[PDB]
Amino acid sequence: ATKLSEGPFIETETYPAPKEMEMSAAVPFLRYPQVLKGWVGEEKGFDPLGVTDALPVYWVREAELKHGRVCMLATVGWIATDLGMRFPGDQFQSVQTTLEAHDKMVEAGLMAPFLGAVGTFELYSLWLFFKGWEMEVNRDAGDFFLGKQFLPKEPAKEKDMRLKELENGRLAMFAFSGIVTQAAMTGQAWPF
Amino acid sequence: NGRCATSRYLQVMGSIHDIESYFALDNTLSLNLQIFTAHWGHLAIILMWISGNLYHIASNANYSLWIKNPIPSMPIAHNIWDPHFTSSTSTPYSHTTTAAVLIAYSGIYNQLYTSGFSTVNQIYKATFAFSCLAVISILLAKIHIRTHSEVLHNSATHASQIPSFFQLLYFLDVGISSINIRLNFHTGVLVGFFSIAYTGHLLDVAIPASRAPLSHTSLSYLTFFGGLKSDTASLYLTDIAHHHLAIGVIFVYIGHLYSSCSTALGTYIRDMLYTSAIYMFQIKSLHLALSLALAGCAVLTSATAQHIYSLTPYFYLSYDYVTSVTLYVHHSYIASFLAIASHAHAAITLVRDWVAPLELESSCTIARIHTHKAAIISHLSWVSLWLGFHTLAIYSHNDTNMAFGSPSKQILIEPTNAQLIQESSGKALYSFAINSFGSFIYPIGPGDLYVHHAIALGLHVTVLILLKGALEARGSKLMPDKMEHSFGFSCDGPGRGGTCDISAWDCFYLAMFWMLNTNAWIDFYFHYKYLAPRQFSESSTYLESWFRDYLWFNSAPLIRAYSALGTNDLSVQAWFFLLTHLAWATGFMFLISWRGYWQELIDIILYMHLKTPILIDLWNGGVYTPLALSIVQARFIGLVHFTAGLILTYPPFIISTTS
Amino acid sequence: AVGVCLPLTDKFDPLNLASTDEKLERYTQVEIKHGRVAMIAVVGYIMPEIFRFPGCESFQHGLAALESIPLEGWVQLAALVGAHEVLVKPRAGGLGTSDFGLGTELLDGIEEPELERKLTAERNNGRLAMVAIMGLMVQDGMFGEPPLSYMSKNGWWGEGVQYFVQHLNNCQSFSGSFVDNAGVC
Amino acid sequence: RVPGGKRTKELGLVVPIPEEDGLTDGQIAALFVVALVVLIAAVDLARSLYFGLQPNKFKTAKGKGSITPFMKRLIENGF
Amino acid sequence: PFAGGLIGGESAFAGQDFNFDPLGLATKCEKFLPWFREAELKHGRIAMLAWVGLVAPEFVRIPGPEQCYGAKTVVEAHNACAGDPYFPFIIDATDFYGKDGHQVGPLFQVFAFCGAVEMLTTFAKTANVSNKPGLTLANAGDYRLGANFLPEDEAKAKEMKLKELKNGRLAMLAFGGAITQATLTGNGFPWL
Amino acid sequence: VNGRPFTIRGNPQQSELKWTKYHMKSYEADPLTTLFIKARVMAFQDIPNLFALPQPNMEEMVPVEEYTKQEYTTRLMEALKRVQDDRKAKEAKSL
Ligand code: CLA
Ligand code: CLA
Ligand code: CLA
Ligand SMILES: CCCCCCCCCCCCCCCCCC(=O)OC[C@H](CO[C@@H]1O[C@H](CO)[C@H](O)[C@H](O)[C@H]1O)OC(=O)CCCCCCCCCCCCCCCCC
Ligand SMILES: CC(=O)O[C@H]1CC(C)(C)C(=C=C/C(C)=C/C=C/C(C)=C/C=C/C=C(C)/C=C/C=C(C)/C=C/[C@@]23O[C@]2(C)C[C@@H](O)CC3(C)C)[C@](C)(O)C1
Ligand SMILES: CC1=C(C#C/C(C)=C/C=C/C(C)=C/C=C/C=C(C)/C=C/C=C(C)/C=C/[C@@]23O[C@]2(C)C[C@@H](O)CC3(C)C)C(C)(C)C[C@H](O)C1
Ligand SMILES: CC1=C(C#C/C(C)=C/C=C/C(C)=C/C=C/C=C(C)/C=C/C=C(C)/C=C/[C@@]23O[C@]2(C)C[C@@H](O)CC3(C)C)C(C)(C)C[C@H](O)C1
Ligand code: SF4
């Protein structure tokens, strides 16, 4: 039963039996949100906080993809910098540890152009996101048309690829959060 | 519609934002969505105004230097880049080799300084962040337009099986027109939680910035001292933080009153209003909601105007002679505008929103008021007449006796009631101290009594005019069928004895003059008592003291600003003193000379243009045929000129006298 | 039509160069490419003043960059541009030769008025960029430094038009003036 | 300055002026970039306000419209 | 029926219903009966845990930071573990690692996790829009945690729920008595 | 022409016909509309017995593509009677 209540009017409505109700797999004591249907990762309906009950699933999926991608890049970059990989250059080699890298590069003046480039791309992304959400252009959430060549043709393989992206981004979220917190706490390389 | 006259522009501009009057605005859904989008744009404008003020303080001004020596230093508002200024020699606003600057009379410097701004970098970060907030506001407007469009599309695409699907027509604007949830979240989060958040801000930033020695945030930052710290001459910051904490807690508690997200908790406003003394009213009426909001905003603006001056909340604000007066006058004028606005929108509510019952039925508050509107108006007229007669007569008695040179013959009624209230307040404050409050208690004399009765006269007459307009808006003995006609219409003809200024909009036009008068009286009282407390106390009992010791005496620096001898930094004030005098005098034209004369003059001018050789062969006059301004258009334009001149000729005077 | 905006009710072609459809199409393609190159070149003029990529700090900015950058580097840049121009062809079924299937997702399945507005905005920005880039290059060549740095040093009116405004307030550089104020305009 | 105020002349109040301008060209440029973003968004908002709601969208626009579950709950609750 | 047919109001003797509502709170506030049952079961659960938590520390103590884990008795254990923050539940920002001794202790960590669990389970079941039947008499106190263990028979399920309720009530009373006696006499397990 | 069959004050209230044909012209409403609006204002004084419109169940929404008009009216009437019975029971519970 996908209907919250059956009946023409609220006061005389009847509710489906609990056995008939479709329950979320992630949290079995809540009903399936039913708005994140047809999306990637819906197999385990997980929205206990009811965020999708207020925001369109498009927005939250765009945000999830952005966070996962940013965190994946951030964790790989933090790991590389901790292991010692650095750009060939006096300003980049002067900085010793990754923790002070943000401040050192802000002082050196590279982070200002870096933020300018990221902000330009992000204004473009905001425009594109509004266009896609309003359906002016035919775009999906978190889709920038990059590397569509490598996207599998089969619908099942495409869904599997998108699910792998989402799961890896979710893992990278926790990975980077733990990495940065532990680094700030102790002050050692990524292996800790 | 190609067939148009030059009155087209004025007709449109008089109702550009009268969204209810828009063509093709079919439903309340469209009305509410348009209003919501306009609100978002308005918030964006406010945030851009804040960002511009912050940017100009950061760039063109001297905040860092001012905070070092706030007492003698004067803040800079912004630079002057005006080609018309003299280039041969330095201007009065420059240091003879430096960009011209303007002093700032807004107290924003004190605001930032006591908020915790120490460096121009912080102001720059704020400028940036408020610009981002403006972007966010506009994007939220767009988001909500899209969401509401998506609900209409859904309702179009999906339909309930039963014929009652048309019931959904009413609930499309539930998000914008729901009252219980809006009240709960506004009073709990927008007010109470905002106060708690500002308490947190104070404790984290403002208290450490003010206190030279470092100390960890704790309950020691919350205190209940009272009065002004001697060093900054302002309210203790630690008390402001507790204040806001207490108010925030109280309003967070009050914000659970109504049922907002679930029907299991909370009560209903319909139900309270139904069971209370006020029977019920059109809470859905947007004009009524606007009227209530405007009344509340007016009272709060008056309260801040009085209390910012009485109890100084900002560092060194009292030391700034000019900024105090400017702030008081600014917020007094804003409060008066908001009050008369609430009255005007109540009148509009009556005109086009209230659903009057049948005549004999008397069930609602509005109907009960309409039953005895005549008694209300007659008693208000009696009070106004009494106040005017006796205030003017006592003032004239004092005037004549002083002119003959016998002050002992003046009628001087001691303000015993006000003095008793003041003494009780002082007793309470002294008990609290035993367990300073500057400007909260003032000497109070017979001159104060007379000025207070004059201000009461002004308020009573303004309310008289506004109440008469509101209660005669639907109908009147002279014009029984006034509901059919719009809120503002020219007249009803020269028949029935003549019907000039017969509309509720005409009552507002009339009450506007009074508002300006009563506000001018209030501002004159404050400014005179501020400039010369002793002279005001001794001499304010007769009107020649006001005309001579206040206006004529203190007008010297302003008029002397620029002359054959030279110019000083008040030359701009002197030019705006005269520009505003001219604007007032121009408003007199539209107020006195009415439309027929000007229409005939326009006809003659049009004849001349059509007889001119070259111009006739190009300009027919058919499109946008010139016409004289309509009766209501000219009333409004003359009122605007009058208001602009009256309001804008004062700030130059106050700045000149207090600087 | 595409390329015609409000200020011009009809197509602007006083010399009647686009007499035939073939010539009109060729000129449209050339104008689109020129406007694109001019737009990127104008941002190219403004941005190096704001910042320089690592390793590019030493190089001169404007026309001086032609001499400053190694001939090998210029060869590499021209080789990249030539590879792009030779190995990229218009997408089959596209709007014409001017399009190369770059960002066409944004314009697919849109209303024709909106597509026309986008094309006209592209063309108008390209035209303004052509005018602006010629201004920038001519000023750089004449005054020896990029226009943005030149304006920072001398202002909007510098050494060619300052004579007109030598007696203006905040811009007064006339002989014997109590203030120079020549670098602030 | 050539002060014209009695109190200013009496008390020697001054308008101190810094030696260097508070903000630099780069900072002003960043603020102008943000202002330009605001201007573009504001022009879009003005266009949306001018054209109002479009009830015809259900005839041609993509998708089938959507009402958020919270909006549905508000509708069911009523006013 | 009585209290909306909720379980737990039956006397030990067969045929007589204890139906303990001296103040008639069920009838006075029937619309809050599911909430009352949820609160009763939650109190019983926390109390059954808390009594064993009063007993076990005497037998064994984990070797955490000695600021709390060296507490003499359960009475002082709460005060030791809650730390001495400037405000009850306020983290110290200037001194994050508690060098000044004004940092919240491990009880803050457990409190934060309890709050997350509460917001994601109880508030989720009760207030979520996508869960319209939500909290009712039938499912009150049921989060489907371990429901696969209870006996299939409905009578046996009712008996098990009654056992849970009775043990939770007994634990509520026992913990109250134990903590109060510990405060009064400050002795070991016999007066806890 | 332009004749109205009632006294001048017989015109309907402007606020009563809002967002209708006569949005702001109560002096152009037909006599039948005037009579109907007058009867509505008389009817809506009796607050104690006014049928509150049932709140719609937004769950039961289906596409327009997805019977008889009379049959649907009858079904709506059965639903309304059920709602009235439920309201009566709920109010009589505590009174
Ligand atoms: C202004 C006076 C007032 C009045 C006459 C009522 C009347 C009513 N309210 Mg209440 N209500 C009020 C204020 C008022 N309320 C306020 C200020 C709030 C916000 C907290 C609420 C929130 C509220 C809710 C959420 C609900 C009611 C309900 C009710 C009904 C039952 C009352 C009851 O059982 O009380 C007896 C109960 C008590 C006295 C216990 C109250 C304890 C809590 C903590 C509130 C006390 C807060 C306190 C006054 C302020 C603290 C300030 C701080 C500085 C310490 C009744 C119609 C219920 C109802 O049936 O609605 C249809 C309902 O669901 N009210
Ligand atoms: C298209 C033009 C247009 C524009 C530019 C605006 C602009 C505004 N409208 Mg809108 N409005 C429009 C058309 C427009 N309106 C139309 C056509 C209507 C239909 C009649 C409305 C109906 C309407 C209503 C009903 C309200 C607004 C309000 C507002 C404000 C929006 C939010 C804001 O920034 O408030 C900034 C405001 C503040 C920061 C001040 C907040 C304090 C409030 C105003 C007072 C609260 C008092 C409280 C109720 C009682 C206190 C009690 C105490 C004394 C004990 C702003 C002034 C709101 C408002 O504030 O009105 C005064 C409001 O309530 N408008
Ligand atoms: C100061 C107040 C004032 C002003 C400015 C005017 C102005 C005018 N009145 Mg008078 N008038 C006044 C009060 C005033 N009146 C009052 C109180 C009444 C009621 C009794 C009348 C009743 C009245 C009547 C019945 C008639 C006039 C006429 C006129 C016009 C005279 C001819 C003319 O325009 O030449 C002079 C114009 C000016 C001095 C206006 C100011 C020009 C300035 C100095 C230059 C502008 C500079 C620049 C371009 C501004 C750009 C601003 C922009 C960029 C923002 C003129 C528009 C007569 C008319 O229209 O004849 C053709 C006419 O028939 N008036
Ligand atoms: C600067 C500080 C000091 C001055 C402060 C401002 C002056 C004081 C305010 C004026 C007092 C009245 C205010 C009430 C306003 C609403 C009144 C109203 O709509 O009725 C004005 C009425 C409305 O019009 C009438 O409406 C009726 C329906 O109610 C009927 O249809 C009538 O036929 C019709 O005439 O009359 C007009 O049409 C007036 C003509 C307006 C012409 C203005 C065109 C020029 C505008 C240039 C200025 C820019 C405007 C934007 C301002 C920017 C600000 C950020
Ligand atoms: C033509 C065109 O357009 O471009 C193409 C190019 C191409 C390549 C095809 C594309 C792509 C895809 C790309 C580039 C995909 C990159 C994916 C990355 C970098 C994933 C990193 C995951 C890291 C994880 C999970 C870390 C996990 C870390 C964990 C779990 C760490 C865990 C601990 O550290 C923690 C947290 C604390 C430690 O104490 C203990 C340990 C266990 C070490 C494009 C862009 O799409 C299109
Ligand atoms: C196109 C394409 C491809 C491609 C490509 C490639 C390699 C493209 C590369 C593009 C590249 C490398 C683009 C850099 C931009 C940098 C910007 C915009 C920086 C702005 C920076 C700004 C606006 C900063 C401004 C300031 O803040 C500064 C710095 C100082 C402050 O005082 C304030 C100001 C405002 C002044 C594929 C993937 C190969 C195939 C595909 O099929 C098609
Ligand atoms: C129902 C029934 C009957 C009954 C009954 C009766 C009389 C029931 C009475 C119940 C009663 C009276 C129950 C008290 C509980 C107290 C509690 C939980 C206190 C916790 C207190 C705690 C957890 C305190 C903790 C701390 O303070 C500590 C210790 C140290 C501090 O540093 C820190 C803090 C603050 C955290 C009858 C009469 C027999 C009839 C019928 O037969 C059945
Ligand atoms: S035209 Fe003017 S003077 Fe004549 S009745 Fe109308 S408002 Fe009065």
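Values below: every heavy atom of this structure, side chains too, minus hydrogens, waters and symmetry copies. Protein chains get the first letters and strands the later ones, always in sequence-line order, with residue 1 at the start of each. Just follow the structure's listing: the first ligand is 1, and inside any ligand the first atom is 1.
Atom 34 (C) of ligand 4 lies below 4.0 Å from at least one non-hydrogen atom of the protein. There is no protein heavy atom less than 4.0 angstrom from atom 54 (C) of ligand 4.
If you check each of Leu10(B), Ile637(B), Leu639(B), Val632(B) against atom 22 (C) of ligand 4, the one with the closest non-hydrogen atom is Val632(B). Residue nearest to atom 5 (C) of ligand 4, selected from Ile647(B), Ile45(B), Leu648(B): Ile647(B) (by heavy-atom distance). The option from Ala303(B), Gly296(B), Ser302(B), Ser285(B) that lies nearest to atom 47 (C) of ligand 2, judged by heavy atoms, is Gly296(B). Nearest to atom 12 (C) of ligand 4 by heavy atom, out of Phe636(B), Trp505(B), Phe489(B), is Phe636(B). The heavy atom nearest to atom 40 (C) of ligand 2, out of those in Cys297(B), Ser21(B), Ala38(B), is found in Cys297(B).
Neither the backbone nor the side chain of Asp18(B) comes within 4.0 Å of ligand 4, counting heavy atoms alone. At a 4.0 Å heavy-atom cut-off, ligand 2 touches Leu290(B) through backbone and side chain alike. Contact annotation for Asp18(B) and ligand 2: no heavy atom of the residue comes within less than 4.0 Å of the ligand. Under 4.0 angstrom from ligand 2, the non-hydrogen atoms of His17(B) come from both its backbone and its side chain. Neither the backbone nor the side chain of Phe642(B) has any atom closer than 4.0 Å to an atom of ligand 4 (non-hydrogen atoms only).
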Inset, instruction - Apply side chain to side chain donor-acceptor pair (under 3.5 Å) to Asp26(B) and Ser30(B), showing your working. - result: CA-CA 7 Å; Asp26(B) 183 45; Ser30(B) 298; over 6 Å; no
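Counting protein heavy atoms only, atom 42 (O) of ligand 6 is closest to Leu102(C) CD1, 4.7 Å. Nearest protein heavy-atom neighbour of atom 26 (O) of ligand 4: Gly488(B) O, 4.3 Å. Of all protein heavy atoms, the one lying nearest to atom 43 (C) of ligand 4 is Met13(B) CB, 3.9 Å. With hydrogens left out, the protein atom closest to atom 49 (C) of ligand 2 is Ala293(B) CA, 4.5 Å, a heavy atom.
Ionic pairing of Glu85(C) and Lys33(C) is present here: one or more N-O contacts between side-chain nitrogen and carboxylate oxygen are shorter than 4.0 angstrom. Remark: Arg352(B) engages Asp18(B) in a salt bridge, criterion side-chain N to carboxylate O under 4.0 Å. Contact check on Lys18(F) versus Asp353(B) returns a salt bridge, with a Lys/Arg side-chain nitrogen under 4.0 Å from an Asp/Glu carboxylate oxygen. The existence of a salt bridge linking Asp492(B) and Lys482(B) is excluded, since no basic side-chain nitrogen approaches an acidic carboxylate oxygen closer than 4.0 Å.
If you look at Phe144(A) and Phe121(A), their ring centroids are closer than 6.0 Å.
No heavy atom of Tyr9(B) sits closer than 4.0 Å to any atom of ligand 4.
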